[PDB]
Amino acid sequence: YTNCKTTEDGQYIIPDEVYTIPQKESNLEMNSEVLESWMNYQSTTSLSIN
Amino acid sequence: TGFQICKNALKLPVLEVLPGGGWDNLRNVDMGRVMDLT
């Protein structure tokens, strides 16, 4: 770290045997969904006789 | 070749992208200094 370097956008101190070339970003979100619902019903009889 | 002297004198940040640097056209990625930058 003799002639102690620093990255161009100075926010680090690289050692003087390395050089940097700055770039990036990347991300990706994704999601899914699934629902359901069911029902039913009834029946009836009746007879009143005589 | 230490820009820190005048980056210290005047408080501006050094540009990051610089042309004087070799470049592999096959792998397609920067390689190293060629033209010196004082």
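**Some points on the overall build of chain B**
For step 1, the next point in the chain: Secondary structure summary: chain B contains 1 helix and 2 strands in total.
For step 2, the next point in the chain: Along the first, second and third principal axes, the C-alpha set of chain B runs to 40 × 15 × 10 Å.

**A short note on the interface of chain B and chain A**
For step 1, the next point in the chain: Facing 11 residues of chain B, the contacting portion of chain A comprises 8 residues.
For step 2, the next point in the chain: The tally of links between chain B and chain A comes to 0 salt bridges.
For step 3, the next point in the chain: Inspection of the region where chain B meets chain A yields 1 residue pair in polar contact.
For step 4, the next point in the chain: Elements that contribute at least two residues to the side of chain B that touches chain A include exactly α1 (4-9) and β2 (29-33) of chain B.
For step 5, the next point in the chain: The dominant element in the side of chain B that touches chain A, judged by the number of residues it contributes, is β2(B), at 3 residues.

**Some thoughts on unusual backbone geometry**
Residues and elements named next belong to chain B.
For step 1, the next point in the chain: Look at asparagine 28: it is not a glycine, yet its phi comes out positive at around 65°.
For step 2, the next point in the chain: Within the fold, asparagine 28 resides in the loop between β1 (21-24) and β2.
For step 3, the next point in the chain: Residue class for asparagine 28 comes out partly exposed when judged on its relative accessible area of 49%.

**Here's the deal with the pairing of β1(B)**
Residue and element names in this part refer to chain B.
For step 1, the next point in the chain: Here β1 shows a clear split, with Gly22 and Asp24 buried on one side and none of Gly21 and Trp23 buried on the other.
For step 2, the next point in the chain: As judged from the 4 bridges shared by β1 and β2, these two strands associate in the antiparallel manner. Looking at β2, one finds that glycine 21 is bridged to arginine 33.
For step 3, the next point in the chain: Linking β1 back to β2 in an antiparallel pair, the connection comprises 4 residues, with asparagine 28 at a positive phi of about 65°.

**Let's talk about the environment of A:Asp16**
All names here are of chain A.
For step 1, the next point in the chain: A relative accessible area of 14% means that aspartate 16 is categorised as buried.
For step 2, the next point in the chain: On a C-alpha basis, the gap between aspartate 16 and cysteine 4 in space is 6.1 Å, while along the polypeptide they are 12 residues apart.
For step 3, the next point in the chain: Once residues within four sequence positions are removed from consideration, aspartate 16 is found in contact with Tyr1, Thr2, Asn3 and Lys5.
For step 4, the next point in the chain: In this structure the side chain of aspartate 16 is engaged in a polar contact, spanning 2.7 Å, whose partner is the side chain of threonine 2.

**Remarks on the side chain of B:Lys7**
For step 1, the next point in the chain: Its location among the elements puts B:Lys7 in helix α1.
For step 2, the next point in the chain: No salt bridge is formed by the buried B:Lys7; its nearest oppositely charged neighbour, A:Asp9, is found at 8.9 Å.
For step 3, the next point in the chain: With near-sequence residues (within four places) excluded, B:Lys7 lies in contact with A:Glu8, A:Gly10, B:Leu12, B:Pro13 and B:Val14.

Here is what the cut-offs are and how they apply
- All residue numbers start from 1 on each chain and follow the order of its written sequence rather than the entry's numbering, and residues without coordinates are excluded.
- The naming scheme follows written order: chains are lettered A onward, ligands numbered 1 onward.
- The structure shown is incomplete relative to its larger assembly, and all values pertain to the part shown.
- To obtain the side-chain values, all non-hydrogen atoms of the structure were used and water was disregarded.
- Residues with missing side-chain atoms are left out of burial classes, side-chain pairs and their counts.
- Secondary structure counts use DSSP, requiring at least four H or I residues in a row for a helix and at least two E residues in a row for a strand, with both numbered from the N terminus.
- Residue contacts follow a heavy-atom distance rule, with two residues in contact if any of their heavy atoms lie within 4.5 Å.
- Salt bridge, as used here, is a side-chain nitrogen of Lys or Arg placed within 4 Å of a carboxyl oxygen of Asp or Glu.
- For this analysis, a polar contact is any N or O atom pair within 3.5 Å, provided that within protein one partner can donate a hydrogen and the other can accept it, and provided that sequence-adjacent residues contribute only side-chain to side-chain pairs.
- Burial classes: relative accessible area under 20% of the type maximum marks a residue as buried, over 50% as exposed, and values in between as partly exposed (1.4 Å probe, protein chains only).
- When DSSP finds at least two bridges between two strands, those strands are taken to pair.
- We count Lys and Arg on the positive side and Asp and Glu on the negative side, and we leave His and both chain ends out.

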